[PDB]
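This document starts with one chain, in the form deposited in one PDB entry, laid out as structure tokens.
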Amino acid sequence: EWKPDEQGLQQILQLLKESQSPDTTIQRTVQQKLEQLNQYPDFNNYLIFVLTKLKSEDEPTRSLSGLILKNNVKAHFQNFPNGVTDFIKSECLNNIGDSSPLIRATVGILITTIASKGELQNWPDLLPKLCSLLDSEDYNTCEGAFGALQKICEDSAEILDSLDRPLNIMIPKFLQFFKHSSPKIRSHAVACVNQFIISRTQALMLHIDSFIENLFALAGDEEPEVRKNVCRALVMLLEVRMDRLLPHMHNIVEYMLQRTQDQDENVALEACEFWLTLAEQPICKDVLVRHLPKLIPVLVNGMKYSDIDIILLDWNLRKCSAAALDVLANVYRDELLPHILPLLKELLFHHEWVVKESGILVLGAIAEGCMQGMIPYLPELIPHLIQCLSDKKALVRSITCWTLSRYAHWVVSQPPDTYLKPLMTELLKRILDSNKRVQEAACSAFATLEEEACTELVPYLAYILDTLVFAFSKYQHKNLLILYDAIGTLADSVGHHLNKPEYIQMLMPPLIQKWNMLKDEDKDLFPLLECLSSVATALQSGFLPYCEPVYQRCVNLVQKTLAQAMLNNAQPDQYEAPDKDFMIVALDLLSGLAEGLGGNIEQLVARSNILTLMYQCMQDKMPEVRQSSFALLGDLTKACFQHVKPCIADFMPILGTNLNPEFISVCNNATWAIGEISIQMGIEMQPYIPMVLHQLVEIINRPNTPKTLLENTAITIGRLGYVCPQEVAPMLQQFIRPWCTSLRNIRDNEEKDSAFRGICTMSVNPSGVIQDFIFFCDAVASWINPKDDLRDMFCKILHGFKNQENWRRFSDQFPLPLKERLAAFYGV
């Protein structure tokens, strides 16, 4: 019902030739003319006509016409009338197997793009026609149709069930082309089926036996693409249907071991993944019993840098082998050392740097699983690695930074002058390496060391800050991020020691300079603001000269992220949803300012809409947003409650709804906020207690709840009982056991103090304490340095229980430190 005319054809052919001209500007001119014509449907009818039917014209003009149309599909398919679209569809399927490889590639890319963009529900007979075309006599047609089906399976596998269950016909049919004579078709066949293994697609699982028998029959295929796809198949079958591989495990392991050494590096990388996946299964040790002795040297050998990467310098046989060795070391732990140590001896001291490098990487990879077993060798290895940090080849320096980092805990545990002092000295020198890959390795290692050492670095603080600040001049972009993180960690590790004028004036200027440089859309803000958050908590009162623009920018980031989210929610096809990391980062930095500046932030908050913005952040679908806003709420509750008090009526029900322990961090920050709000509410928190308490009690008696959530729940229940004993005390019998067991283990501080005066007051029902009194006695003995008020309180309840003497039988079940501290402080 549409046919071309010579005038229109000549203009298109003219325009298509012109688009192939070599000249500088005629190409920019032809694109503006295509831009205009692209939105006219009759033009796309001409494009597909040139591709499939103008066999007079050459191949490059025909296929370029098809590719321009492909771009129009990707952009304007919505606007295509159902008569142009059907004409393109029919011509594609009818020329799926053209004799020209370039034309055939172009038709398929059309098919594939219409199928995805425009959605398969709207091309109902595509899959049946493609499947019928698979049975064709002509090879190119069968190959081209299978080419399309494979792209479609890779792109749209998630349409298994409602076209209407097409996989129930295709998958059984793909399995029949595993035996096909042409290796190309065979690859397509198992490539298609591989898309549906992890899904446990019903059509495939009910044919799992035919699948497995056809895979075995294909194992010795000489064509790499088959071997590779057979290897992929076996690795996924390992994850979902281990049951049916079990009777063949010995031959499969034997096969994968051979393929892990394949001459084709892509085959070997697919094979190598088998070991990663097998290590997770509980059957691992039993299965590998006869092959582990060869697997370990095979893995270690593939960890060397390939020759290409050697010259160049992302996932490859090196990383995969290393990852496998890491997991295996975790599975076998010390049993692995007799396999690894001879290799390590032959590699760590080798004359050829590529070999030695791989030795050092082995040493780091096994560190976590084999740590205990290698303690005896560390007094020799660690001084050796510190010497390698000065090795002449950069890649040896950078891997040595890493594996030293993997032994940081052992190093901090030894006398600081022996290993820690020299390691840190030469890591700092390495920070200023001239090679960018070493900078990033040494910086990351140093961060790792900072986290392990904590206050052990305070004597070195000035020299660390000299090195870290200097790096601002040498680093740009990619390692500045690592550098910010090293500064953030330093601030978390030495805390308030950072708060000295010499340090502040050395560190802030370059931090603010990179701050003024970045704009509100740059994701580089994430490490910078997370760094400033840590710096502000450490610098506390000394951050005051810098906080004003820092605060107002964070509130701005939250405000714009909320507004963009609401816009996107309003018209999603016109406005893109915002990255809510900007908001999470910005909330956390405000938490850092409120913790660090304390009361000094109130003048900033008094002039802000942060609480109105916090109200909406607390209700966000995403947990990390809720988690950061509740953390900010507790911090503002401490710093400037004057401004929070009017909002409590609205915040409390929302805090009540986020006492859900499936989200640990949200649940935790919510409970902590409730506690801090209590202390400043006073008796006025009476009406809000029914909204939280019954769940808090359920949370504190829930098994396999992380210790930190339990202590915060204990501290909040204590604080709520200090403030309104009337409605809290009835539950004493129901939570005192886990309360005492958890709070027994926290340092004597203001939260501990606040919580224990709460338990004392709950004086209001002493009968809730009796049947489990052993736990309270222990909990009060946990106190080393209690302030006098709390001591006086403590003597009263213990002496009161005594007077109900007869108790000595019970009191002798005390361990000796328990019984003796109670007599020492309180005289019972």
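We call the rigid core the largest set of C-alpha positions that still match within 1.5 Å between the two forms. The numbering used is simple: start at 1 and walk along the sequence shown.
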Handout entry: Length class of the unmodelled deposited segment, which would lie between residue 313 and residue 314
Key = 10 or more
Problem - Between neighbours residue 163 and residue 162, residues that the deposited sequence lists but the model omits - result: 1 to 3
Handout entry: Mean temperature factor over C-alpha atoms, higher-scoring stretch between 407 to 415 and 519 to 527
Key = 519 to 527
Completion exercise
Comparing mean C-alpha B factor in the record for 350 to 358 and 316 to 324, the higher one is 350 to 358
Completion exercise
Per the deposited B-factor column, the C-alpha that peaks among 302, 592, 730, 373 belongs to 730
Practice task
Identify, among 254, 125, 452, 492, the residue whose C-alpha carries the highest B-factor in the deposited PDB entry.
Solution key: 125
Problem - Where the record places residue 757 (Cα B-factor, split into thirds across the chain) - result: highest
Practice task
Give the position of residue 433 by CA B-factor within its chain, expressed as the lowest, middle or highest third.
Solution key: lowest
Handout entry: Ranked against its chain, the third holding the CA B-factor of residue 62
Key = middle
Practice task
Taking the chain's C-alpha temperature factors as the reference, tell me which third residue 711 falls into: lowest, middle or highest.
Solution key: middle
Exercise for the section: Relative to the other modelled residues of the same chain, rank the CA B-factor of residue 118 and answer lowest, middle or highest third. Expected result: middle
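There is also a form deposited in another entry; it is not shown, and the following applies to it.
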Completion exercise
Among 346, 335, 352, 520, the C-alpha that moves by 2 angstroms or more between the shown form and the other one, rigid core fixed, is that of 520
Practice task
Compare the position of the CA of residue 277 between the shown form and the other one after a rigid core fit and state whether the shift reaches 2 Å.
Solution key: no
Handout entry: C-alpha of residue 633 off by 2 Å or more between the shown form and the other one on rigid core
Key = yes
Exercise for the section: Examine residue 587 after superposing the rigid core and state whether its CA is displaced by 2 Å or more between the shown form and the other one. Expected result: yes
